[PDB]
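Below is one structure, written out as structure tokens, with a few remarks after it.
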Amino acid sequence: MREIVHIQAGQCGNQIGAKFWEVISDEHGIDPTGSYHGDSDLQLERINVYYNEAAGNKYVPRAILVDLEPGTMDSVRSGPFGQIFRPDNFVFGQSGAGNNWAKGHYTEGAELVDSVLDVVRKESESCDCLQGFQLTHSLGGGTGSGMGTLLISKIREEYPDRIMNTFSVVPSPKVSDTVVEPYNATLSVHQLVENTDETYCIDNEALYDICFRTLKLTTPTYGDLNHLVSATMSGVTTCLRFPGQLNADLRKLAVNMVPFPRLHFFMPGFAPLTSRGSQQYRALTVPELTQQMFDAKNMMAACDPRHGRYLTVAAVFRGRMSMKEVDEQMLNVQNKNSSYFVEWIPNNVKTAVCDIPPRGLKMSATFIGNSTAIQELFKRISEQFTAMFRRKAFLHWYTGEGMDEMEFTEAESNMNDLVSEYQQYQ
Amino acid sequence: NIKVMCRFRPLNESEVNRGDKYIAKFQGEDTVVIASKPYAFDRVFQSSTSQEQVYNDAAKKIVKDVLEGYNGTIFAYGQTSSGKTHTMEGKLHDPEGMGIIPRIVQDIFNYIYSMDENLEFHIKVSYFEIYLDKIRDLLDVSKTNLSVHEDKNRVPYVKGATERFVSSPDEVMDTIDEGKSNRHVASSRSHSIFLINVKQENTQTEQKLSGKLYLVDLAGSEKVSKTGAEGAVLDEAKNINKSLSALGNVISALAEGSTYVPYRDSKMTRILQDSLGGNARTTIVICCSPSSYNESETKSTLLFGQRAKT
Amino acid sequence: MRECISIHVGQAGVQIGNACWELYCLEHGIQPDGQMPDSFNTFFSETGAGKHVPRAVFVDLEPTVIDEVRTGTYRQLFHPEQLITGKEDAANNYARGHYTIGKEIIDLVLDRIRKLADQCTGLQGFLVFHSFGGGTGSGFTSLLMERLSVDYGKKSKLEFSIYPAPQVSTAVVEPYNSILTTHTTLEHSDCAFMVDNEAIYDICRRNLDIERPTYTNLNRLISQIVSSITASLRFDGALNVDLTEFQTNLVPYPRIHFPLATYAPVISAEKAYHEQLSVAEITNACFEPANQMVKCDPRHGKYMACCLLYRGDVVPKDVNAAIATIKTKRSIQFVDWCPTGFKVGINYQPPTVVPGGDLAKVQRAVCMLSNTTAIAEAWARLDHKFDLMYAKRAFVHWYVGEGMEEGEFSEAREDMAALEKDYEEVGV
Ligand SMILES: Nc1nc2c(ncn2[C@@H]2O[C@H](COP(=O)(O)CP(=O)(O)OP(=O)(O)O)[C@@H](O)[C@H]2O)c(=O)[nH]1
Ligand SMILES: Nc1nc2c(ncn2[C@@H]2O[C@H](COP(=O)(O)OP(=O)(O)OP(=O)(O)O)[C@@H](O)[C@H]2O)c(=O)[nH]1
Ligand SMILES: [Mg+2]
Ligand SMILES: [Mg+2]
């Protein structure tokens, strides 16, 4: 019940969702062969929400994989927990978007999306009653952003009455991996604002700094970043998969953090994050996790929360806690930082708790803040967009493939109005 | 600025035998009292006042301003058997007590025939609905999922609207009837927007002026917990109530002098992003049956007017 | 002959039901599997030979809390029909749990309550547990109270509802749902016992000496309260107090039926030996502002009526002596138009103690239910929160998108204002 299908597009989205299936399978005791070898029955109590039962008690994901290059498919098949996936859900082209939103939203994406759409129809009819979807993509390139945007548009045309998720990795300005990040990012945000229901604005430089300083690791590879994102993703939907003393599924988090339909871009976070040496010099307790997640230097979005106000903040704890301690510490944080937390929304905190923590820790937590610092992100990108749009740089690629300048102008206008939204509630 | 002007229709013989009471109390000339509580307005037009004074007080200044290049807008609203069809069109050809829309159209065509010969007053008209959040088109059976786009001057508009020229009131009436033939009605279950675009072209000065004027026939806010609806009607009620509360929030943001106005939360407020903001008059006309049998729903209607001023 | 059905809505209601039915199965001596190795009829039926099924109906839309009971230790006591389960939760939304999702489930629970009331013969009243914050416990309970009042109407419908606190609160959108369901809390219910969580936190911190109390202890305490209410039905005391007599002596006017409760003595085992818990001490402790179930100082309010449901080793003489001491104290001030605002109740059965529980084994006990005006203060600050939510229209479009309207918000706020006005009028 309340099943979820995990759409997963782009190279970065493929890697992130692969690590997500890794961490979620480690918690359900699912071997590389898709077979169960766990201990507690609470694992299999809600296996059907993500996975699906097949011949021989083999549980397979309800996950669609999407790309315009078969190299990522080769990687996911050859990498660990590749055989768990269903081969029919592999939907790959051959062109490659090449950081061109137009190619991955008009020409190649429009021709390829029929297969993905039929496949998600099949996966949505096989269940009993789903609740919401999950798109895992990136706003930098054209494959992920464009394909996921076209796809989620078609979905909201088909299923407008289901909660929707987008676990986006926005491109930071300092970590410049490509040149046309502002174009693709803004052109995708023009559609994520009006189609999605809740978006998590993960950021690259954020996770880099978290792995440099909070964990004190010397060589942060993409595996570690993806593991952080995977812990974040699994921490959110633990209420569906397991019991608890106060449950909170996706729709509850949405309706307890989305005051208006457009103010649904959230910065996530995770705790407790500890290094190797400092793992002993750290007492796992609710005040510790609390003051560790609200720290600006434990955030997965490159936007200082101190520079803005919090509107809504959902803390989804995981462990056999005492609810009095939880509510007391969250109240004390709301009191100590009354200037940051907004005033016309009393009880800015939403809380959720479960009993089964991740495999390895005694307790854990998860953080979803709807701060107003997000505007800074949509400020910085916008500047870059103008700097690239004033002189019409790199535009003939988008123009020759089917776009027009007016769509760029509309995306900029909508994004500026979103910045104004986040400004006025400060 | 915005100005709400409420109307209470006369009672009909169908419920005089029913034994209903006239439970609509008045104070001054701009405040009603219902259920021993006052609801304020700007004008509260009564059962006795005919269409002429209501028209002269509500729609005259709008047409006077839009002919000078500005933009105007009108919001009709009401439940079933509330006086919408009587107030907006009512009589078709009778110049005595006919509705508002024919009077606007005839005033446009009577102003155009009083000007100089060097002014080509082009008159475009569009007529499109908003159903289940989809912008259908009532002048075309194929264009069922239209969308909104902007222009260089940040003036939204439907891309692909089946525009149609006109040169007389009868053509306008025929177009309105042809559009209403396809309107989703069980009882209106869909917002309708009739746009009138008056492009006046001055040849001596070489300046053009396009005045846009919206006739919005809203749908009915329906507490579905009472009605017991199931199926598509439920989703229709959901989307209708969403659009209505979004419009209310927008109008409250306007009249409260807020620095920002969230026009982009609903398509019906996206299309109207220009005609309400600044130099654009607007008048909201709500029709109500003051009978006690329709008291409960009437409260909601009055409250929809109260989310205009305060 | 007597009987009383118990409805349990939301995660709060279901977990309170777990705790309560644990208490019930323990008091009557009944094993978890129903087998009993007269008095149980007030809450338990009898499935022929060697079985006792309860007079309960667990309703909820989150399948997790109900499946926790279908697999829990009490999987054998209940049978799968009383354990109703939806598919998609209300998700902290009044409207979803009121009409959108509620219509899929309510026919079945109403059919079950018809099958469960036609089994008994002397039904005394219902018991509806729900939190004002959640979507299910507000909307579905409003709908259910409406349907029952249309069907039964006359039967004493009670609801021992959790109430969100002003500071210690878990969800963002609780004031909305609370104000929305106060309408049905007024018109259809008969006497509701509001309960706050932070009060129980403070009681567990001070007396029981637990620094880290979770919801299980709260639920055990509330179960003790309900057992104190219903021991006048279950067992036979020297001075019985039925629910109709209870309501008559406690509910003067038809709208003033929200008495806040309080239970005593609540103390740990190590603290029990030092304190001689006589009748006078436990009777005096209940009137203290610190031992109440809701955040409100009674010293700024005036009691109109209150019932003292003593149970255990009690004799009326020291009861009347302690009552005289209370009536002489000036800080505990009563309203003028009620010279005798006490309805004493004695019962022979002492309160039990659950294995693994935080309470101690005592011989005397009290459950005072003071009908006061000081509770209105909570509503005031609640309304304050609602105002801060309402003027800016936070989270409105979610409820609007499921059928709800602005007019319902306005009407509910007006009605709560009129209710506070009524309490403020009857005070003088
Ligand atoms: N947080 C992470 N970012 C990654 C990871 N792998 C790649 N990337 C980053 O994602 C950004 C580009 O996304 P992709 O590699 O998926 C290129 P995309 O699929 O969007 O379309 P094409 O350019 O046509 O290949 C870029 O900033 C990468 O540095 C990862 O594992 N984690
Ligand atoms: N005293 C006590 N309070 C509880 C308990 N469980 C939940 N509460 C409170 O219940 C409130 C939230 O309401 P819920 O019951 O969880 O929500 P719901 O009724 O299930 O409706 P949905 O969330 O939409 O599924 C919160 O204020 C909790 O603190 C409990 O076991 N004991
Ligand atoms: Mg790519
Ligand atoms: Mg719930």
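Chain labels A, B, ... are given in the sequence in which chains occur in the structure tokens; within each chain residues are numbered consecutively from 1, and ligands are likewise numbered from 1 in the order shown.
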Which residues are near ligand 3 in this structure, taking near to mean any atom at most 9 Å from a ligand atom and counting only C-alpha atoms and all ligand atoms? Format them as a list in words.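 The residues within 9 Å of ligand 3, counting only C-alpha atoms and all ligand atoms, are residues 9, 10, 11, 12, 67, 68, 69, 72, 96, 97, 98, 99, 104, 141, 142, 143, 144 and 145 of chain A.
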What residues in segment 12-200 of chain B get the DSSP label strand (DSSP E)? Please answer as an MDAnalysis selection string. chainID B and resid 25:27 31:34 37:40 43:45 72:77 119:130 147:149 157:159 164:165 191:200
Which chains and residue numbers are within 12 Å of ligand 4, counting only C-alpha atoms and all ligand atoms, if I want them as a PyMOL selection string? (chain A and resi 239-240+243-253+352) or (chain C and resi 9-15+59-66+85-94+96-97+130-140+171)
For chain C, which residues have at least one atom within 9 Å of chain B, if we go by only C-alpha atoms? Write them as number ranges by chain, please. C: 95, 98-100, 393, 396-398, 400-408, 410
Any chance you can output those residues with N, CA and C atoms as a PDB file, in the first residue's frame?
ATOM      1  N   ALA C  95      -9.856  17.554   5.744  1.00  0.00           N
ATOM      2  CA  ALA C  95     -10.748  17.299   4.620  1.00  0.00           C
ATOM      3  C   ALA C  95     -10.590  15.883   4.087  1.00  0.00           C
ATOM      4  N   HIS C  98     -12.225  13.567   6.389  1.00  0.00           N
ATOM      5  CA  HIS C  98     -13.620  13.923   6.614  1.00  0.00           C
ATOM      6  C   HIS C  98     -14.546  13.437   5.513  1.00  0.00           C
ATOM      7  N   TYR C  99     -14.214  13.694   4.244  1.00  0.00           N
ATOM      8  CA  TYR C  99     -15.066  13.273   3.133  1.00  0.00           C
ATOM      9  C   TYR C  99     -14.333  12.527   2.029  1.00  0.00           C
ATOM     10  N   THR C 100     -13.119  12.942   1.675  1.00  0.00           N
ATOM     11  CA  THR C 100     -12.478  12.375   0.492  1.00  0.00           C
ATOM     12  C   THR C 100     -12.093  10.920   0.728  1.00  0.00           C
ATOM     13  N   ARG C 393      -3.013  33.011   5.381  1.00  0.00           N
ATOM     14  CA  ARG C 393      -3.503  31.908   4.563  1.00  0.00           C
ATOM     15  C   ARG C 393      -2.471  30.808   4.376  1.00  0.00           C
ATOM     16  N   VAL C 396      -3.775  26.833   3.508  1.00  0.00           N
ATOM     17  CA  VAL C 396      -5.206  26.802   3.240  1.00  0.00           C
ATOM     18  C   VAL C 396      -5.501  26.009   1.979  1.00  0.00           C
ATOM     19  N   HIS C 397      -4.681  26.177   0.938  1.00  0.00           N
ATOM     20  CA  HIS C 397      -5.001  25.605  -0.364  1.00  0.00           C
ATOM     21  C   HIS C 397      -5.013  24.085  -0.332  1.00  0.00           C
ATOM     22  N   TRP C 398      -4.280  23.474   0.598  1.00  0.00           N
ATOM     23  CA  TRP C 398      -4.336  22.024   0.744  1.00  0.00           C
ATOM     24  C   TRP C 398      -5.732  21.575   1.149  1.00  0.00           C
ATOM     25  N   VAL C 400      -8.482  23.406   0.913  1.00  0.00           N
ATOM     26  CA  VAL C 400      -9.411  23.857  -0.116  1.00  0.00           C
ATOM     27  C   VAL C 400      -9.430  22.873  -1.277  1.00  0.00           C
ATOM     28  N   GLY C 401      -8.289  22.238  -1.549  1.00  0.00           N
ATOM     29  CA  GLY C 401      -8.184  21.320  -2.667  1.00  0.00           C
ATOM     30  C   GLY C 401      -8.819  19.968  -2.433  1.00  0.00           C
ATOM     31  N   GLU C 402      -9.456  19.764  -1.281  1.00  0.00           N
ATOM     32  CA  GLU C 402     -10.149  18.524  -0.967  1.00  0.00           C
ATOM     33  C   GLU C 402     -11.619  18.741  -0.613  1.00  0.00           C
ATOM     34  N   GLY C 403     -12.157  19.939  -0.850  1.00  0.00           N
ATOM     35  CA  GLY C 403     -13.566  20.236  -0.657  1.00  0.00           C
ATOM     36  C   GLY C 403     -13.848  21.336   0.345  1.00  0.00           C
ATOM     37  N   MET C 404     -12.923  21.612   1.258  1.00  0.00           N
ATOM     38  CA  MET C 404     -13.161  22.574   2.321  1.00  0.00           C
ATOM     39  C   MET C 404     -13.215  23.988   1.739  1.00  0.00           C
ATOM     40  N   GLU C 405     -13.783  24.914   2.513  1.00  0.00           N
ATOM     41  CA  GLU C 405     -13.977  26.291   2.080  1.00  0.00           C
ATOM     42  C   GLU C 405     -13.579  27.253   3.190  1.00  0.00           C
ATOM     43  N   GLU C 406     -13.381  28.512   2.794  1.00  0.00           N
ATOM     44  CA  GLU C 406     -13.075  29.576   3.746  1.00  0.00           C
ATOM     45  C   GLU C 406     -14.205  29.771   4.749  1.00  0.00           C
ATOM     46  N   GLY C 407     -15.448  29.617   4.293  1.00  0.00           N
ATOM     47  CA  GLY C 407     -16.583  29.840   5.165  1.00  0.00           C
ATOM     48  C   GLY C 407     -16.593  28.920   6.363  1.00  0.00           C
ATOM     49  N   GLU C 408     -16.088  27.699   6.200  1.00  0.00           N
ATOM     50  CA  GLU C 408     -16.031  26.782   7.328  1.00  0.00           C
ATOM     51  C   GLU C 408     -15.025  27.258   8.367  1.00  0.00           C
ATOM     52  N   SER C 410     -14.222  30.435   8.907  1.00  0.00           N
ATOM     53  CA  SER C 410     -14.837  31.587   9.561  1.00  0.00           C
ATOM     54  C   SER C 410     -15.902  31.154  10.562  1.00  0.00           C
TER      55      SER C 410
END
Nearest to chain B among A:102, A:5, A:418, A:180, with distances taken over only C-alpha atoms: which residue is it?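 For chain B, the nearest of the candidates is A:418.
Summary of the local environment: counting only C-alpha atoms, residues at most 7 Å from segment 154-161 of chain C, other than itself and those fewer than 5 positions away along its chain, are residues 124, 125, 126, 127, 128, 129, 130, 131, 189, 190, 191, 192, 193, 194 and 195 of chain C.
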Based on the selection just made, write N, CA, C and O atoms of those residues as a PDB file, in the first residue's frame.
ATOM      1  N   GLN C 124     -24.540   1.736  27.474  1.00  0.00           N
ATOM      2  CA  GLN C 124     -24.480   2.924  28.313  1.00  0.00           C
ATOM      3  C   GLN C 124     -23.938   4.139  27.577  1.00  0.00           C
ATOM      4  O   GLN C 124     -24.360   5.264  27.866  1.00  0.00           O
ATOM      5  N   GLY C 125     -23.021   3.948  26.648  1.00  0.00           N
ATOM      6  CA  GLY C 125     -22.424   5.061  25.940  1.00  0.00           C
ATOM      7  C   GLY C 125     -21.192   4.645  25.170  1.00  0.00           C
ATOM      8  O   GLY C 125     -20.617   3.577  25.373  1.00  0.00           O
ATOM      9  N   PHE C 126     -20.775   5.524  24.263  1.00  0.00           N
ATOM     10  CA  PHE C 126     -19.628   5.298  23.403  1.00  0.00           C
ATOM     11  C   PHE C 126     -18.367   5.895  24.029  1.00  0.00           C
ATOM     12  O   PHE C 126     -18.407   6.553  25.069  1.00  0.00           O
ATOM     13  N   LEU C 127     -17.229   5.655  23.377  1.00  0.00           N
ATOM     14  CA  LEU C 127     -15.941   6.192  23.817  1.00  0.00           C
ATOM     15  C   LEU C 127     -15.084   6.361  22.566  1.00  0.00           C
ATOM     16  O   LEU C 127     -14.664   5.368  21.965  1.00  0.00           O
ATOM     17  N   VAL C 128     -14.826   7.614  22.188  1.00  0.00           N
ATOM     18  CA  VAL C 128     -14.151   7.943  20.938  1.00  0.00           C
ATOM     19  C   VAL C 128     -12.849   8.665  21.253  1.00  0.00           C
ATOM     20  O   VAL C 128     -12.860   9.834  21.654  1.00  0.00           O
ATOM     21  N   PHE C 129     -11.727   7.985  21.042  1.00  0.00           N
ATOM     22  CA  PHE C 129     -10.406   8.525  21.337  1.00  0.00           C
ATOM     23  C   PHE C 129      -9.821   9.098  20.056  1.00  0.00           C
ATOM     24  O   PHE C 129      -9.805   8.425  19.022  1.00  0.00           O
ATOM     25  N   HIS C 130      -9.340  10.338  20.127  1.00  0.00           N
ATOM     26  CA  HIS C 130      -8.802  10.997  18.950  1.00  0.00           C
ATOM     27  C   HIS C 130      -8.044  12.245  19.368  1.00  0.00           C
ATOM     28  O   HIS C 130      -8.370  12.861  20.383  1.00  0.00           O
ATOM     29  N   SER C 131      -7.050  12.612  18.569  1.00  0.00           N
ATOM     30  CA  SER C 131      -6.294  13.838  18.774  1.00  0.00           C
ATOM     31  C   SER C 131      -6.823  14.927  17.853  1.00  0.00           C
ATOM     32  O   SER C 131      -7.155  14.668  16.694  1.00  0.00           O
ATOM     33  N   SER C 189     -21.103  15.530  20.659  1.00  0.00           N
ATOM     34  CA  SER C 189     -20.613  14.891  21.869  1.00  0.00           C
ATOM     35  C   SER C 189     -21.472  15.299  23.060  1.00  0.00           C
ATOM     36  O   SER C 189     -22.364  16.146  22.960  1.00  0.00           O
ATOM     37  N   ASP C 190     -21.191  14.686  24.209  1.00  0.00           N
ATOM     38  CA  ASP C 190     -21.977  14.873  25.422  1.00  0.00           C
ATOM     39  C   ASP C 190     -21.132  15.295  26.613  1.00  0.00           C
ATOM     40  O   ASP C 190     -21.575  16.126  27.413  1.00  0.00           O
ATOM     41  N   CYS C 191     -19.929  14.739  26.770  1.00  0.00           N
ATOM     42  CA  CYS C 191     -18.956  15.291  27.713  1.00  0.00           C
ATOM     43  C   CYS C 191     -17.569  14.796  27.306  1.00  0.00           C
ATOM     44  O   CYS C 191     -17.256  13.611  27.458  1.00  0.00           O
ATOM     45  N   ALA C 192     -16.754  15.710  26.785  1.00  0.00           N
ATOM     46  CA  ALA C 192     -15.420  15.387  26.293  1.00  0.00           C
ATOM     47  C   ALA C 192     -14.376  15.765  27.335  1.00  0.00           C
ATOM     48  O   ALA C 192     -14.492  16.811  27.984  1.00  0.00           O
ATOM     49  N   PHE C 193     -13.350  14.924  27.480  1.00  0.00           N
ATOM     50  CA  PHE C 193     -12.303  15.120  28.484  1.00  0.00           C
ATOM     51  C   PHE C 193     -11.026  15.496  27.748  1.00  0.00           C
ATOM     52  O   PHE C 193     -10.274  14.640  27.284  1.00  0.00           O
ATOM     53  N   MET C 194     -10.777  16.797  27.640  1.00  0.00           N
ATOM     54  CA  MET C 194      -9.578  17.275  26.966  1.00  0.00           C
ATOM     55  C   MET C 194      -8.332  16.858  27.733  1.00  0.00           C
ATOM     56  O   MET C 194      -8.323  16.821  28.967  1.00  0.00           O
ATOM     57  N   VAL C 195      -7.278  16.534  26.991  1.00  0.00           N
ATOM     58  CA  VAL C 195      -6.012  16.085  27.559  1.00  0.00           C
ATOM     59  C   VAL C 195      -4.876  16.682  26.745  1.00  0.00           C
ATOM     60  O   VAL C 195      -4.929  16.706  25.512  1.00  0.00           O
TER      61      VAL C 195
END
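Near residue 308 of chain A, within a cut-off of 8 Å and counting only C-alpha atoms, sit the residues residues 304, 305, 306, 310, 340, 371, 372, 373 and 426 of chain A, with same-chain residues fewer than 2 positions away left out.
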